[PDB]
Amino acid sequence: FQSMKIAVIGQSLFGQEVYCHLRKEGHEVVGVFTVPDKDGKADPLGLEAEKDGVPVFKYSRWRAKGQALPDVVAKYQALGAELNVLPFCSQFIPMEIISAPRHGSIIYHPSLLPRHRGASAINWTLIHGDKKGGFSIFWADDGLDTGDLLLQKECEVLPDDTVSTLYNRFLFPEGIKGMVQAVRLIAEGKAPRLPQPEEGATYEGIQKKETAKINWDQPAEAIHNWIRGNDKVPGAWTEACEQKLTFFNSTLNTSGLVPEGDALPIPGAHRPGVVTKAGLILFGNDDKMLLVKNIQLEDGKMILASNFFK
């Protein structure tokens, strides 16, 4: 064993939990780098670190005129970190920071690397209807999500899984355990390095609300995968009845359903939607059905799709 000085760079409840476990294991978290508020909620990793008197720093920022801000780097170097743990970072972290610690930097990534390198990997897993998923913890190198693996765990992906369900069922609870296990291996001097194969590598970038717009010119199954692969964040959407509607809780189980109800005209779609007591029936460009159970209105109100027209 060895108790280590660790810099934590991340966010969210996931980051908070990794932070708590590292401390429970006897490591010193020398600092936390997280996201700002927005709005006016503070990040829970930052709030937890602040409670404990651990240095907390908020970006981004991160960069200006090519290089890493001299300020952020300064704050980092004072900490004397021996390892960086990245439980949910976002932007490229300059190699002056990534490569500074004796033990380097390890990163949590919610896909089976080399598949779905880049941001929003859980979205892209489901958008493509992958039948298996999981997470990787990997050693940062100078590429984007190309570094050798430390460990990887797989799980089955179910036909109606969403980003949120797959995360809460597996990638969150097992991912936290996995990061903890990784730090233990590093502390013991027993951490593996498993180079990523070239075969099957794919890359996608961040999925912001704007690029979650539905393309209706696809089969029902692909549209279902698009909706669930953006559910709940950032939320797949379209224009209908003169507003922006976001669709959640899709299924391809349309057993016994008939397309009778109140039309929902959707510009660009192969057929109108139909609001039924079961929810919103939608058609793909193959005239096959999918069913959306919930709709978020442009003003943020969540409703049952069956209640759209009251």
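Don't overthink the numbering: it's just position in the shown sequence, from 1.
Chemist: Please compare 86-94 with 113-121 and say which has the higher mean C-alpha temperature factor in the record.
Modeler: It is 86-94.
Chemist: Once you work out the mean C-alpha B-factor for both 265-273 and 66-74 from the entry, which is higher?
Modeler: Taking the mean C-alpha B-factor of 66-74 and of 265-273, the larger value falls to 66-74.
Chemist: Thinking about Cα B factors across the chain, which third does residue 56 belong to?
Modeler: It falls in the bottom third of the chain.
Chemist: Among the chain's modelled residues, which third holds the C-alpha B-factor of residue 100?
Modeler: Answer is highest: the recorded C-alpha B-factor places it there.
Chemist: Sorting by Cα B-factor within the chain, modelled residues only, which third would residue 44 end up in: lowest, middle or highest?
Modeler: Within its chain, residue 44 is a highest-third residue by C-alpha B-factor, going by the deposited values.
Chemist: Name the third of the chain's ranked CA B-factors that contains residue 50, choosing lowest, middle or highest.
Modeler: Residue 50: CA B-factor falls in the middle third of its chain.
Chemist: What third of the chain does residue 302 rank in for C-alpha temperature factor, lowest, middle or highest?
Modeler: Top third by C-alpha B-factor.
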